[PDB]
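S.K.: Structure supplied as entry10.cif; contents: mmCIF, C-alpha atoms.
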data_upload
#
loop_
_atom_site.group_PDB
_atom_site.id
_atom_site.type_symbol
_atom_site.label_atom_id
_atom_site.label_comp_id
_atom_site.auth_asym_id
_atom_site.auth_seq_id
_atom_site.Cartn_x
_atom_site.Cartn_y
_atom_site.Cartn_z
ATOM 1 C CA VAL X 693 -89.376 -63.745 -40.623
ATOM 2 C CA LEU X 694 -89.901 -60.821 -43.074
ATOM 3 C CA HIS X 695 -90.320 -58.311 -40.184
ATOM 4 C CA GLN X 696 -87.184 -59.654 -38.464
ATOM 5 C CA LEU X 697 -85.193 -59.552 -41.776
ATOM 6 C CA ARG X 698 -86.243 -55.886 -42.297
ATOM 7 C CA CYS X 699 -85.362 -54.857 -38.720
ATOM 8 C CA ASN X 700 -82.049 -56.755 -38.383
ATOM 9 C CA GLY X 701 -80.464 -55.366 -41.598
ATOM 10 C CA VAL X 702 -80.270 -58.625 -43.626
ATOM 11 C CA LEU X 703 -82.443 -57.017 -46.334
ATOM 12 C CA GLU X 704 -80.044 -54.050 -46.369
ATOM 13 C CA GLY X 705 -77.015 -56.386 -46.828
ATOM 14 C CA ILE X 706 -78.593 -57.987 -49.924
ATOM 15 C CA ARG X 707 -79.347 -54.552 -51.521
ATOM 16 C CA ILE X 708 -75.750 -53.477 -50.663
ATOM 17 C CA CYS X 709 -74.060 -56.452 -52.392
ATOM 18 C CA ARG X 710 -76.235 -55.902 -55.496
ATOM 19 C CA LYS X 711 -74.548 -52.463 -55.861
ATOM 20 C CA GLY X 712 -71.227 -54.368 -56.156
ATOM 21 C CA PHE X 713 -70.516 -57.766 -57.686
ATOM 22 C CA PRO X 714 -71.789 -60.373 -55.170
ATOM 23 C CA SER X 715 -71.112 -63.664 -56.978
ATOM 24 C CA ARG X 716 -67.455 -64.672 -57.035
ATOM 25 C CA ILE X 717 -66.445 -67.840 -58.938
ATOM 26 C CA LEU X 718 -62.959 -69.381 -59.473
ATOM 27 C CA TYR X 719 -61.526 -69.644 -63.043
ATOM 28 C CA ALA X 720 -61.259 -73.449 -62.617
ATOM 29 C CA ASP X 721 -64.870 -73.833 -61.305
ATOM 30 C CA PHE X 722 -66.263 -71.558 -64.041
ATOM 31 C CA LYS X 723 -64.558 -73.653 -66.738
ATOM 32 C CA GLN X 724 -65.258 -77.072 -65.136
ATOM 33 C CA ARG X 725 -68.977 -76.618 -64.297
ATOM 34 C CA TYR X 726 -70.029 -74.508 -67.339
ATOM 35 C CA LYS X 727 -68.051 -75.822 -70.443
ATOM 36 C CA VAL X 728 -71.350 -77.269 -71.834
ATOM 37 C CA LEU X 729 -72.546 -73.712 -72.743
ATOM 38 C CA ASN X 730 -70.089 -72.667 -75.421
ATOM 39 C CA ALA X 731 -68.246 -75.440 -77.336
ATOM 40 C CA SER X 732 -67.820 -72.919 -80.221
ATOM 41 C CA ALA X 733 -65.881 -70.502 -77.965
ATOM 42 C CA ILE X 734 -63.932 -72.950 -75.750
ATOM 43 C CA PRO X 735 -61.553 -74.876 -78.062
ATOM 44 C CA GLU X 736 -59.065 -77.786 -77.730
ATOM 45 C CA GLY X 737 -57.168 -79.326 -74.772
ATOM 46 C CA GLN X 738 -54.291 -76.880 -75.380
ATOM 47 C CA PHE X 739 -56.593 -74.232 -73.803
ATOM 48 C CA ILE X 740 -55.108 -74.582 -70.278
ATOM 49 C CA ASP X 741 -54.284 -71.654 -67.842
ATOM 50 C CA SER X 742 -58.125 -71.386 -67.405
ATOM 51 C CA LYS X 743 -58.078 -67.545 -67.417
ATOM 52 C CA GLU U 40 -75.072 -75.556 -105.683
ATOM 53 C CA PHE U 41 -73.985 -79.231 -105.737
ATOM 54 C CA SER U 42 -71.179 -80.831 -107.812
ATOM 55 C CA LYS U 43 -71.964 -83.371 -110.605
ATOM 56 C CA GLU U 44 -70.161 -85.918 -108.401
ATOM 57 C CA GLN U 45 -72.383 -84.981 -105.388
ATOM 58 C CA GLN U 46 -75.505 -85.190 -107.610
ATOM 59 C CA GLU U 47 -74.524 -88.691 -108.794
ATOM 60 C CA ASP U 48 -73.704 -89.856 -105.181
ATOM 61 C CA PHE U 49 -77.104 -88.493 -103.981
ATOM 62 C CA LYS U 50 -78.712 -90.285 -106.981
ATOM 63 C CA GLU U 51 -76.920 -93.610 -106.224
ATOM 64 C CA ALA U 52 -78.424 -93.488 -102.725
ATOM 65 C CA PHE U 53 -81.842 -92.439 -104.186
ATOM 66 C CA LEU U 54 -82.013 -95.340 -106.746
ATOM 67 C CA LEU U 55 -81.946 -97.851 -103.891
ATOM 68 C CA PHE U 56 -84.716 -96.213 -101.831
ATOM 69 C CA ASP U 57 -87.311 -95.986 -104.673
ATOM 70 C CA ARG U 58 -87.157 -99.867 -104.699
ATOM 71 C CA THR U 59 -90.724 -100.255 -106.161
ATOM 72 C CA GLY U 60 -89.293 -98.750 -109.418
ATOM 73 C CA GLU U 61 -91.294 -95.519 -109.337
ATOM 74 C CA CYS U 62 -88.407 -92.957 -109.563
ATOM 75 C CA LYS U 63 -89.803 -91.685 -106.236
ATOM 76 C CA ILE U 64 -88.787 -92.136 -102.594
ATOM 77 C CA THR U 65 -91.523 -92.376 -99.923
ATOM 78 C CA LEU U 66 -91.310 -89.287 -97.687
ATOM 79 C CA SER U 67 -90.687 -91.230 -94.416
ATOM 80 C CA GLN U 68 -87.376 -92.578 -95.739
ATOM 81 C CA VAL U 69 -85.824 -89.117 -96.493
ATOM 82 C CA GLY U 70 -84.128 -88.756 -93.051
ATOM 83 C CA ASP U 71 -82.536 -92.177 -93.560
ATOM 84 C CA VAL U 72 -81.549 -91.242 -97.153
ATOM 85 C CA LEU U 73 -79.671 -88.337 -95.454
ATOM 86 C CA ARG U 74 -78.158 -90.830 -92.930
ATOM 87 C CA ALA U 75 -77.261 -93.035 -95.936
ATOM 88 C CA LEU U 76 -75.242 -90.049 -97.310
ATOM 89 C CA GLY U 77 -73.313 -89.706 -93.992
ATOM 90 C CA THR U 78 -75.126 -86.677 -92.541
ATOM 91 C CA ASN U 79 -76.578 -87.074 -89.036
ATOM 92 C CA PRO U 80 -79.948 -85.275 -88.966
ATOM 93 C CA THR U 81 -82.058 -84.915 -85.808
ATOM 94 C CA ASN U 82 -85.767 -85.823 -86.037
ATOM 95 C CA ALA U 83 -86.410 -82.116 -85.288
ATOM 96 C CA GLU U 84 -84.260 -81.267 -88.392
ATOM 97 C CA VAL U 85 -86.070 -84.007 -90.370
ATOM 98 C CA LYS U 86 -89.658 -82.808 -89.641
ATOM 99 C CA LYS U 87 -89.012 -79.093 -90.340
ATOM 100 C CA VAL U 88 -87.166 -77.970 -93.491
ATOM 101 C CA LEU U 89 -86.755 -81.547 -94.818
ATOM 102 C CA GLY U 90 -90.583 -81.887 -94.785
ATOM 103 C CA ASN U 91 -90.896 -85.476 -93.334
ATOM 104 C CA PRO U 92 -94.365 -86.680 -92.028
ATOM 105 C CA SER U 93 -94.857 -88.495 -88.682
ATOM 106 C CA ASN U 94 -92.296 -91.009 -87.365
ATOM 107 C CA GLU U 95 -92.549 -94.454 -89.047
ATOM 108 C CA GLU U 96 -95.542 -93.150 -91.155
ATOM 109 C CA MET U 97 -95.684 -94.180 -94.853
ATOM 110 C CA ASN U 98 -97.836 -93.245 -97.902
ATOM 111 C CA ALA U 99 -98.542 -89.544 -97.111
ATOM 112 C CA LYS U 100 -96.121 -88.015 -99.664
ATOM 113 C CA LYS U 101 -93.400 -89.124 -102.126
ATOM 114 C CA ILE U 102 -90.339 -87.214 -103.403
ATOM 115 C CA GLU U 103 -88.812 -87.083 -106.928
ATOM 116 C CA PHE U 104 -84.953 -87.065 -107.329
ATOM 117 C CA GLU U 105 -84.690 -83.356 -108.331
ATOM 118 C CA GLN U 106 -86.863 -82.492 -105.281
ATOM 119 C CA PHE U 107 -84.406 -84.442 -103.048
ATOM 120 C CA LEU U 108 -81.371 -82.353 -104.251
ATOM 121 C CA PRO U 109 -82.202 -79.029 -102.338
ATOM 122 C CA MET U 110 -83.364 -81.317 -99.452
ATOM 123 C CA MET U 111 -79.760 -82.455 -99.098
ATOM 124 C CA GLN U 112 -78.172 -78.994 -99.775
ATOM 125 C CA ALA U 113 -80.256 -76.596 -97.643
ATOM 126 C CA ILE U 114 -80.828 -78.907 -94.644
ATOM 127 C CA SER U 115 -78.032 -80.865 -92.836
ATOM 128 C CA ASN U 116 -75.433 -79.427 -95.249
ATOM 129 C CA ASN U 117 -76.470 -75.890 -94.146
ATOM 130 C CA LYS U 118 -75.968 -76.435 -90.377
ATOM 131 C CA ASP U 119 -73.816 -77.578 -87.503
ATOM 132 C CA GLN U 120 -74.208 -81.338 -86.784
ATOM 133 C CA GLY U 121 -71.921 -81.545 -83.674
ATOM 134 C CA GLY U 122 -68.347 -82.790 -83.252
ATOM 135 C CA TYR U 123 -66.261 -84.771 -80.752
ATOM 136 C CA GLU U 124 -65.937 -81.680 -78.504
ATOM 137 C CA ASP U 125 -69.761 -81.505 -78.032
ATOM 138 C CA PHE U 126 -70.125 -85.162 -76.994
ATOM 139 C CA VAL U 127 -67.154 -85.240 -74.604
ATOM 140 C CA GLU U 128 -68.408 -82.274 -72.513
ATOM 141 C CA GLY U 129 -72.081 -83.424 -72.746
ATOM 142 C CA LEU U 130 -71.011 -86.832 -71.363
ATOM 143 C CA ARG U 131 -68.918 -85.104 -68.631
ATOM 144 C CA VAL U 132 -72.214 -83.905 -67.070
ATOM 145 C CA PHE U 133 -72.772 -87.605 -66.187
ATOM 146 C CA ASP U 134 -69.095 -88.250 -65.270
ATOM 147 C CA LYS U 135 -69.563 -88.279 -61.489
ATOM 148 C CA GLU U 136 -66.017 -89.359 -60.560
ATOM 149 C CA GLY U 137 -63.905 -87.912 -63.414
ATOM 150 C CA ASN U 138 -62.467 -91.119 -64.875
ATOM 151 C CA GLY U 139 -64.095 -91.248 -68.356
ATOM 152 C CA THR U 140 -66.396 -93.994 -67.020
ATOM 153 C CA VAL U 141 -70.212 -93.869 -66.899
ATOM 154 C CA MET U 142 -72.555 -96.664 -65.719
ATOM 155 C CA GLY U 143 -74.137 -98.666 -68.607
ATOM 156 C CA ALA U 144 -77.568 -98.174 -67.020
ATOM 157 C CA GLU U 145 -77.016 -94.370 -66.827
ATOM 158 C CA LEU U 146 -75.808 -94.227 -70.470
ATOM 159 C CA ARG U 147 -78.832 -96.309 -71.658
ATOM 160 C CA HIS U 148 -81.067 -93.998 -69.540
ATOM 161 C CA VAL U 149 -79.621 -90.852 -71.245
ATOM 162 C CA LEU U 150 -80.304 -92.400 -74.691
ATOM 163 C CA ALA U 151 -83.805 -93.763 -73.833
ATOM 164 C CA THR U 152 -85.201 -91.146 -71.373
ATOM 165 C CA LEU U 153 -83.704 -87.861 -72.680
ATOM 166 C CA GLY U 154 -83.778 -86.002 -76.054
ATOM 167 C CA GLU U 155 -85.160 -87.655 -79.214
ATOM 168 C CA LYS U 156 -85.551 -90.940 -77.269
ATOM 169 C CA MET U 157 -83.964 -94.199 -78.457
ATOM 170 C CA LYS U 158 -85.680 -97.594 -78.579
ATOM 171 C CA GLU U 159 -83.984 -100.298 -76.380
ATOM 172 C CA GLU U 160 -83.636 -102.218 -79.676
ATOM 173 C CA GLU U 161 -81.572 -99.287 -81.069
ATOM 174 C CA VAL U 162 -79.516 -99.058 -77.812
ATOM 175 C CA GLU U 163 -78.539 -102.773 -77.852
ATOM 176 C CA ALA U 164 -77.753 -102.599 -81.619
ATOM 177 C CA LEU U 165 -75.223 -99.754 -81.040
ATOM 178 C CA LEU U 166 -73.602 -101.400 -77.974
ATOM 179 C CA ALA U 167 -70.071 -102.786 -78.580
ATOM 180 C CA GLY U 168 -70.043 -104.844 -75.301
ATOM 181 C CA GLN U 169 -67.705 -102.453 -73.465
ATOM 182 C CA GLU U 170 -68.975 -103.094 -69.895
ATOM 183 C CA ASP U 171 -66.682 -104.248 -67.047
ATOM 184 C CA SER U 172 -67.360 -105.654 -63.492
ATOM 185 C CA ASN U 173 -68.332 -102.315 -62.072
ATOM 186 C CA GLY U 174 -65.648 -100.584 -64.187
ATOM 187 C CA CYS U 175 -68.607 -99.820 -66.508
ATOM 188 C CA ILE U 176 -68.464 -98.015 -69.913
ATOM 189 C CA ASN U 177 -65.606 -95.855 -71.220
ATOM 190 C CA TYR U 178 -67.690 -93.074 -72.853
ATOM 191 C CA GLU U 179 -64.844 -91.742 -75.085
ATOM 192 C CA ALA U 180 -64.472 -95.219 -76.661
ATOM 193 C CA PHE U 181 -68.263 -95.226 -77.220
ATOM 194 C CA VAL U 182 -68.128 -91.800 -79.016
ATOM 195 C CA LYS U 183 -65.181 -92.857 -81.215
ATOM 196 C CA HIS U 184 -66.982 -96.102 -82.237
ATOM 197 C CA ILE U 185 -70.244 -94.215 -83.051
ATOM 198 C CA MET U 186 -68.348 -91.547 -85.088
ATOM 199 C CA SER U 187 -66.464 -94.106 -87.241
#
Do you think you could lay out the structure here as structure tokens?

M.R.:
Amino acid sequence: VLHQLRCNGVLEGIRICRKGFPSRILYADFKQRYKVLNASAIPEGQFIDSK
Amino acid sequence: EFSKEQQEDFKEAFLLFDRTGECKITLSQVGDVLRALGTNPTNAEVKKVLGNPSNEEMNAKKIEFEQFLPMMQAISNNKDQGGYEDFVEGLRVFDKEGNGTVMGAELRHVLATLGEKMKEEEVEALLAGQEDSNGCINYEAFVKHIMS
């Protein structure tokens, strides 16, 4: 599997997307899954828009 | 520094806990002296800078009133204790279906199996009977009852 991943360019595609920004998360998902982190930063229920 | 009013309130709580008449509170009780003054200290807060011994362990040390006064000021009165906003989004980790409802078994399991673990005796004592059919427990109602 390692030899095949080297020869077929899958290992190149992972080093390519690490040059860029590979992980792409919606504003809603980022707020809804991860609110637990930062209660001090993320205030009241007036904080809609989600941006 | 504390007010004269705060010193007298802290003293009024103290004069109950030294119940043998010694002018001295047993060290085990100090976390529950803090709870008696309306602060909510963790057992991790209690064993560090408040200087408490083991849990439920008596005799090892005693504390004079003047010694207790920085042990209110520099401890739970020098930190965050959590608010409503904490509890609502901590409970929403266990809100599977988004309705403000958590199973009573799951809520008892979070209290007994996670964190600074609660006795089942404690869990029943804090339970206001708010369990329906399989409509289960409204967790916001639970937080508002426990913070009143």

S.K.: Once you count all atoms listed in the file, which residues end up no further than 12 Å from (-87.3, -94.0, -88.7) in the file's frame, shown as a PyMOL selection string?

M.R.: chain U and resi 66-74+80-82+85-86+91-97+155-158+161

S.K.: For the selection you just gave me, I'd like the residues written to a file as a PDB file, in the coordinates of the input, keeping C-alpha atoms.

M.R.:
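Listed below is the output, selection.pdb:
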ATOM      1  CA  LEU U  66     -91.310 -89.287 -97.687  1.00  0.00           C
ATOM      2  CA  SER U  67     -90.687 -91.230 -94.416  1.00  0.00           C
ATOM      3  CA  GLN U  68     -87.376 -92.578 -95.739  1.00  0.00           C
ATOM      4  CA  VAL U  69     -85.824 -89.117 -96.493  1.00  0.00           C
ATOM      5  CA  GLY U  70     -84.128 -88.756 -93.051  1.00  0.00           C
ATOM      6  CA  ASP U  71     -82.536 -92.177 -93.560  1.00  0.00           C
ATOM      7  CA  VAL U  72     -81.549 -91.242 -97.153  1.00  0.00           C
ATOM      8  CA  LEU U  73     -79.671 -88.337 -95.454  1.00  0.00           C
ATOM      9  CA  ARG U  74     -78.158 -90.830 -92.930  1.00  0.00           C
ATOM     10  CA  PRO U  80     -79.948 -85.275 -88.966  1.00  0.00           C
ATOM     11  CA  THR U  81     -82.058 -84.915 -85.808  1.00  0.00           C
ATOM     12  CA  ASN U  82     -85.767 -85.823 -86.037  1.00  0.00           C
ATOM     13  CA  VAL U  85     -86.070 -84.007 -90.370  1.00  0.00           C
ATOM     14  CA  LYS U  86     -89.658 -82.808 -89.641  1.00  0.00           C
ATOM     15  CA  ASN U  91     -90.896 -85.476 -93.334  1.00  0.00           C
ATOM     16  CA  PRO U  92     -94.365 -86.680 -92.028  1.00  0.00           C
ATOM     17  CA  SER U  93     -94.857 -88.495 -88.682  1.00  0.00           C
ATOM     18  CA  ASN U  94     -92.296 -91.009 -87.365  1.00  0.00           C
ATOM     19  CA  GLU U  95     -92.549 -94.454 -89.047  1.00  0.00           C
ATOM     20  CA  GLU U  96     -95.542 -93.150 -91.155  1.00  0.00           C
ATOM     21  CA  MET U  97     -95.684 -94.180 -94.853  1.00  0.00           C
ATOM     22  CA  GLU U 155     -85.160 -87.655 -79.214  1.00  0.00           C
ATOM     23  CA  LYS U 156     -85.551 -90.940 -77.269  1.00  0.00           C
ATOM     24  CA  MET U 157     -83.964 -94.199 -78.457  1.00  0.00           C
ATOM     25  CA  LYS U 158     -85.680 -97.594 -78.579  1.00  0.00           C
ATOM     26  CA  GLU U 161     -81.572 -99.287 -81.069  1.00  0.00           C
TER      27      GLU U 161
END

S.K.: List, as number ranges by chain, every residue that the PyMOL selection byres ((chain X) within 10 of (chain U)) selects in the file provided.

M.R.: X: 724-732, 734-737

S.K.: Rounded to one decimal in Å, what is the spacing between CA of residue 138 in chain U and CA of residue 185 in chain U?

M.R.: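 Computed distance, CA of residue 138 in chain U to CA of residue 185 in chain U, equals 20.0 Å.
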
S.K.: Run the PyMOL selection byres ((chain U and resi 116) around 12) against the file shown and list the residues it catches, as a ChimeraX atom specification.

M.R.: /U:40-41,45,73-74,76-80,84,88-89,108-115,117-120

S.K.: Name the closest residue to residue 175 in chain U among the candidates U:148, U:154, U:141, U:49; distances are taken between atoms, counting all atoms listed in the file.

M.R.: U:141

S.K.: Just give me the gap between CA of residue 740 in chain X and CA of residue 722 in chain X in Å, one decimal is fine.

M.R.: 13.1 Å

S.K.: For CA of residue 58 in chain U and CA of residue 165 in chain U, determine how far apart the two atoms are, in Å to one decimal place.

M.R.: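 If I compute the distance from CA of residue 58 in chain U to CA of residue 165 in chain U, I get 26.5 Å.
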
S.K.: With a distance cut-off of 9 Å and only C-alpha atoms, select the neighbouring residues of residue 742 in chain X, excluding the residue or stretch itself and same-chain residues fewer than 4 positions from it, and output the selection as a PDB file with C-alpha atoms, in the frame of the given file.

M.R.:
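Done, and the output landed in result-v3.pdb:
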ATOM      1  CA  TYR X 719     -61.526 -69.644 -63.043  1.00  0.00           C
ATOM      2  CA  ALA X 720     -61.259 -73.449 -62.617  1.00  0.00           C
ATOM      3  CA  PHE X 722     -66.263 -71.558 -64.041  1.00  0.00           C
ATOM      4  CA  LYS X 723     -64.558 -73.653 -66.738  1.00  0.00           C
TER       5      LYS X 723
END

S.K.: Using all atoms listed in the file, what residues lie at most 12 Å away from (-64.3, -97.0, -75.5) (file coordinates), given as a PyMOL selection string?

M.R.: chain U and resi 139-141+166-171+174-186

S.K.: Using all atoms listed in the file, find the one residue out of U:83, U:151, U:99, U:162 that sits nearest to residue 64 in chain U.

M.R.: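 Among the listed residues, U:99 lies closest to residue 64 in chain U.
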
S.K.: Adding 4 Å on each side of the box along x, y and z that holds all listed atoms of range 76-81 of chain U, could you give its centre and edge lengths in Å to one decimal, as lines of an AutoDock Vina configuration file?

M.R.:
center_x = -77.7
center_y = -87.5
center_z = -91.6
size_x = 16.7
size_y = 13.1
size_z = 19.5

S.K.: Starting from the incomplete input, reconstruct N, CA, C and O atoms of range 706-718 of chain X and report them as a compact mmCIF listing (two decimals), keeping the file's coordinate frame.

M.R.:
# COMPACT_ATOMS: atom_id res chain seq x y z
N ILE X 706 -78.32 -57.54 -48.56
CA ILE X 706 -78.59 -57.99 -49.92
C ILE X 706 -78.71 -56.85 -50.94
O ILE X 706 -78.21 -56.97 -52.06
N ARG X 707 -79.34 -55.69 -50.61
CA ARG X 707 -79.35 -54.55 -51.52
C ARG X 707 -77.98 -53.88 -51.66
O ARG X 707 -77.65 -53.38 -52.73
N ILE X 708 -77.14 -53.90 -50.60
CA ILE X 708 -75.75 -53.48 -50.66
C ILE X 708 -74.90 -54.30 -51.62
O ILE X 708 -74.22 -53.75 -52.48
N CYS X 709 -74.94 -55.65 -51.55
CA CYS X 709 -74.06 -56.45 -52.39
C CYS X 709 -74.49 -56.49 -53.85
O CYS X 709 -73.69 -56.75 -54.74
N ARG X 710 -75.76 -56.13 -54.14
CA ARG X 710 -76.24 -55.90 -55.50
C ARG X 710 -75.73 -54.61 -56.13
O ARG X 710 -75.74 -54.48 -57.36
N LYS X 711 -75.26 -53.62 -55.34
CA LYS X 711 -74.55 -52.46 -55.86
C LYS X 711 -73.19 -52.86 -56.44
O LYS X 711 -72.76 -52.37 -57.48
N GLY X 712 -72.50 -53.79 -55.75
CA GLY X 712 -71.23 -54.37 -56.16
C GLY X 712 -71.35 -55.54 -57.10
O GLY X 712 -72.21 -55.59 -57.99
N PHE X 713 -70.45 -56.52 -56.95
CA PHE X 713 -70.52 -57.77 -57.69
C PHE X 713 -70.57 -58.89 -56.65
O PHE X 713 -69.54 -59.17 -56.03
N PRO X 714 -71.69 -59.57 -56.38
CA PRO X 714 -71.79 -60.37 -55.17
C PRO X 714 -71.26 -61.76 -55.42
O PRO X 714 -70.70 -62.37 -54.51
N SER X 715 -71.43 -62.29 -56.65
CA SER X 715 -71.11 -63.66 -56.98
C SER X 715 -69.69 -63.76 -57.47
O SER X 715 -69.26 -63.04 -58.38
N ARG X 716 -68.88 -64.62 -56.83
CA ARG X 716 -67.46 -64.67 -57.04
C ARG X 716 -67.04 -66.11 -57.27
O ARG X 716 -67.07 -66.93 -56.36
N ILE X 717 -66.64 -66.45 -58.52
CA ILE X 717 -66.44 -67.84 -58.94
C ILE X 717 -65.02 -68.01 -59.42
O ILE X 717 -64.51 -67.18 -60.17
N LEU X 718 -64.30 -69.07 -58.99
CA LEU X 718 -62.96 -69.38 -59.47
C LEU X 718 -62.89 -69.67 -60.97
O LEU X 718 -63.82 -70.20 -61.58
